[PDB]
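just to be clear, this is only the beginning of the complex, oriented as in the whole thing:
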Amino acid sequence: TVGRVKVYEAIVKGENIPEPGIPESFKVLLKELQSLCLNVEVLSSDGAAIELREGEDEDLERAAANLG
Amino acid sequence: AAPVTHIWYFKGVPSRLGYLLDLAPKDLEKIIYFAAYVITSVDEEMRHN
C-alpha cells in the first residue's frame, strides 16, 4: 500500500524506484491463521516476535509540512 | 458460554484429541456432541473405605 504510491511519486519525479515493502496478502494470511486459532508470530533473528503496523505520523508530517 | 473443541484436532484423522486421551474417535464423537456421558474423576479412597 505504501510501495505503490511511493513508486508513482518516484516515476513522476524522475527518481529511482524505491525498495518494496510487505505484501498485504501476507498480513491477510496471518489474520486468517489467527482466526483459525493458530498463533502465528514472525520471529526476528534474536527470537523476538515482530509486530506489523504502520506509522501514522509520516503522512501527517508530510501533509503538515506541505503548507508550511 | 461453554467450552468447544476445535474440530481440527478432533475430526482430523488421526484424531489428535483421541490419540492424546487414548479415546476412540467415535467415542470422542459421542462425548463432544452429547450422545454419551464420560467419567471425569473418581474418588478412590472414598470408594474403597
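Looks like it came in fine. Residues are numbered from 1 along each chain as shown, chains lettered A, B, ... in the order given.

surely residue A:45 is within a helix?
No - secondary structure of residue A:45 (DSSP: H, G, I helix; E, B strand; the rest coil): coil, not part of a helix.

now for it, how many residues are close by?
Other residues within reach of residue A:45 by the criterion other Cβ atoms under 10 Å in any protein chain shown amount to 5. Yep, even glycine has a C-beta here, placed from its N, CA and C like the rest.

again with residue A:10
What residue A:10 shows, counting by other Cβ under 10 Å, is a neighbour count of 13.

is it in a helix, a strand, or coil?
The three-state label for residue A:10, taken from three-state DSSP, comes out as helix.

so how far is residue A:40 from it?
From residue A:10 over to residue A:40 the distance is 33 Å, taken as Cβ to Cβ, to the nearest Å.

next one: residue A:67
Residue A:67 sits 42 Å away from residue A:40, going by Cβ to Cβ.

among these two, which residue is more densely surrounded?
Neighbour comparison, residue A:67 and residue A:40: the larger count goes to residue A:40, with 12 against 5 (by other Cβ under 10 Å).

what's the helix or strand for the residue nearest to the more buried one when sequence neighbours are not counted?
Here the nearest residue to residue A:40 in space, its sequence neighbours aside, is residue A:33; by Cβ to Cβ, 6 or more residues apart in numbering or on different chains that works out to 4.5 Å. According to DSSP states H and E, residue A:33 maps onto helix A:24-35.

only C-alpha atoms, please: export that helix in PDB.
Taking Å, rounded to 0.1, in the frame of the first residue of the first chain, the C-alpha atoms of helix A:24-35 are listed here in PDB:
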ATOM      1  CA  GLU A  24      -0.900  -7.100   2.300                       C
ATOM      2  CA  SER A  25      -1.600 -10.700   1.300                       C
ATOM      3  CA  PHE A  26       0.900 -12.000   3.900                       C
ATOM      4  CA  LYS A  27      -0.800  -9.900   6.700                       C
ATOM      5  CA  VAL A  28      -4.200 -11.300   5.500                       C
ATOM      6  CA  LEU A  29      -2.800 -14.800   5.600                       C
ATOM      7  CA  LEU A  30      -1.700 -14.200   9.200                       C
ATOM      8  CA  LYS A  31      -5.100 -12.800  10.200                       C
ATOM      9  CA  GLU A  32      -6.800 -15.800   8.700                       C
ATOM     10  CA  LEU A  33      -4.500 -18.200  10.500                       C
ATOM     11  CA  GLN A  34      -5.100 -16.300  13.800                       C
ATOM     12  CA  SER A  35      -8.900 -16.600  13.100                       C
END
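
include chain C as well:
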Amino acid sequence: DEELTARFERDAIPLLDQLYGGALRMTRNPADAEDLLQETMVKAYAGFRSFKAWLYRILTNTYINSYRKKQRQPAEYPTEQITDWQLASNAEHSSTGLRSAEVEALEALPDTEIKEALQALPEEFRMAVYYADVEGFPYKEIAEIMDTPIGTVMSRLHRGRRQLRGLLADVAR
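Okay, chain C now, added to the rest:
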C-alpha cells in the same frame, strides 16, 4: 409448583422431538429449524407456568416474529466471495470512491497555488489561520499555542482571512 416444571419436562420432551418436523418444513433450513425449535423451547418453558397444538402455536408465533424482525433488519444474501464489480458498483455511491496510487501520490503533492497564497501572508497571520481554519482549534487554544493575547489571535485571524480572500477568488481550486 416446581414439580409442575418437572411435569413440563416429561410432557414437553417427546413432543419437542416431533416439533422439529414442523420447524424444518417452515424454515426449510435444518440449522434454522434447530434454532426455531430451541427458541420455541425458551418461550415455552418460561411461560409454561401460564398453561401439542399449544406448543405449535408458540412455535408458529416465534417463526412469524422472526419474520417480522427479518423485515426490520437489512436484507442480506450471503456470498462465497464479493466480486470486484460489486466493490466498484458500491464505491460509485460511496462518500469516498476507490482511489488509485496515482490519485494518492498527486494528492500528497504541494498545491503550488494555495501554498503560494499562504506564504505571501506574514508568518503570524498564516500561523493563526492555520491553527484556526485548517486545523480547527478553538480561539483560546490558539491563544495558548502561540503565546499571544486573545486580541492578537482574533485580529490576526480577521486580517489574515481578508488578505487570503484577496489573494484568491475561486468557486473551486
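
take the neighbour count of residue A:10 again, chain C included.
By other Cβ under 10 Å, the residues close to residue A:10 number 14.

does it really touch residue A:4, like I thought?
No - taking Cβ atoms under 8 Å as the contact criterion, residue A:10 and residue A:4 are not neighbours in contact, 10.7 Å apart.

for the residue nearest the centre of chain C, what is the enclosing helix or strand?
Note on chain C: the residue nearest the mean C-alpha position is residue C:74, at 12.3 Å, using Cα atoms, centre = their mean. Assigned by DSSP H and E, residue C:74 falls within no helix or strand.

what separation do you get for it and chain A?
If you measure residue C:74 against chain A using Cβ to the nearest Cβ, to the nearest Å, the figure is 24 Å.

right, is stretch C:91-103 up against chain A?
Yes - using Cβ under 8 Å from any Cβ of the partner chain, a contact is recorded between stretch C:91-103 and chain A, made by C:101-102.

in PDB, list the C-alpha atoms belonging to that stretch.
What follows is the C-alpha trace of stretch C:91-103 in PDB, where atoms were taken according to Å, rounded to 0.1, in the frame of the first residue of the first chain:
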ATOM      1  CA  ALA C  91     -17.900   2.500  -4.500                       C
ATOM      2  CA  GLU C  92     -19.800   4.600  -7.100                       C
ATOM      3  CA  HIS C  93     -22.400   5.600  -4.400                       C
ATOM      4  CA  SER C  94     -19.800   5.900  -1.500                       C
ATOM      5  CA  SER C  95     -18.700   9.100   0.100                       C
ATOM      6  CA  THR C  96     -15.100   8.200  -1.000                       C
ATOM      7  CA  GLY C  97     -14.600   6.200  -4.100                       C
ATOM      8  CA  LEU C  98     -11.800   3.800  -4.900                       C
ATOM      9  CA  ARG C  99      -8.700   5.900  -5.100                       C
ATOM     10  CA  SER C 100      -5.600   4.800  -7.100                       C
ATOM     11  CA  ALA C 101      -1.900   5.100  -6.200                       C
ATOM     12  CA  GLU C 102      -1.800   7.900  -8.800                       C
ATOM     13  CA  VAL C 103      -4.500   9.900  -7.000                       C
END
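
chain D comes next; put it on the structure above:
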Amino acid sequence: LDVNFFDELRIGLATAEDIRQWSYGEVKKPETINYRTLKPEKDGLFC
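Following on from the chains above, chain D is added here:
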C-alpha cells in the same frame, strides 16, 4: 516502516489468553448495521 529481517515464522496453538490479548473487544450482538442509517450496530460484527 520495516524491511523484512524475518528469520523464521512460528506457528502454535492459541490459548484463550492469546485470543483475548489479540482482541480489541467482545462481539455480543448478532446485529450488523442499521438498515436506516447504514451505521454499524454496537457490539456487533461490524461494531
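
once more on the neighbour count of residue A:10, with chain D this time?
The criterion is other Cβ under 10 Å. On that basis, residue A:10 has 14 neighbouring residues.

thinking again about what came up before, so what's the residue nearest to the centre of chain C up against?
The contact partners of residue C:74, by Cβ atoms under 8 Å, 6 or more residues apart in numbering or on different chains, come to D:32-35.

make it 7 Å
Contacts were defined as Cβ atoms under 7 Å, 6 or more residues apart in numbering or on different chains; by that measure residue C:74 touches D:32-33, D:35.

then residue C:128?
Shown here is residue C:128, whose contacts under the criterion Cβ under 7 Å, 6+ apart are C:142, C:153, C:156-157, C:160.

get me the contact residues on chain B for chain A.
Applying Cβ under 7 Å from any Cβ of the partner chain, one finds that chain B approaches chain A through residue B:6.

assign the residue in chain A positioned nearest to chain D to helix, strand or coil.
The shortest separation between chain A and chain D is 4.0 Å, found at residue A:39 (distances taken as Cβ to the nearest Cβ). Three-state call for residue A:39 (three-state DSSP): strand.

state the distance from the residue lying closest to it once chain neighbours are set aside to chain C.
Distances taken as Cβ to Cβ, 6+ apart place residue D:14 nearest to residue A:39, at 4.0 Å, with adjacent residues excluded. Between residue D:14 and chain C the distance is 26 Å, computed by Cβ to the nearest Cβ.

what do you get for residue D:38?
Between residue D:38 and chain C the distance, using Cβ to the nearest Cβ, works out to 8 Å.

look up phi and psi at that residue.
Dihedral angles phi and psi of residue D:38 (degrees, to the nearest 10) take the values phi 60, psi 20.

test my guess that residue C:126 contacts residue C:160.
Yes - under the contact definition of Cβ atoms under 7 Å, residue C:126 touches residue C:160, with a separation of 6.5 Å.

give the burial count for the closest residue to chain A within chain D, as a bare number.
Using Cβ to the nearest Cβ, residue D:14 is the residue of chain D that sits closest to chain A, at 4.0 Å. Using other Cβ under 10 Å, the number of residues around residue D:14 comes to 19.
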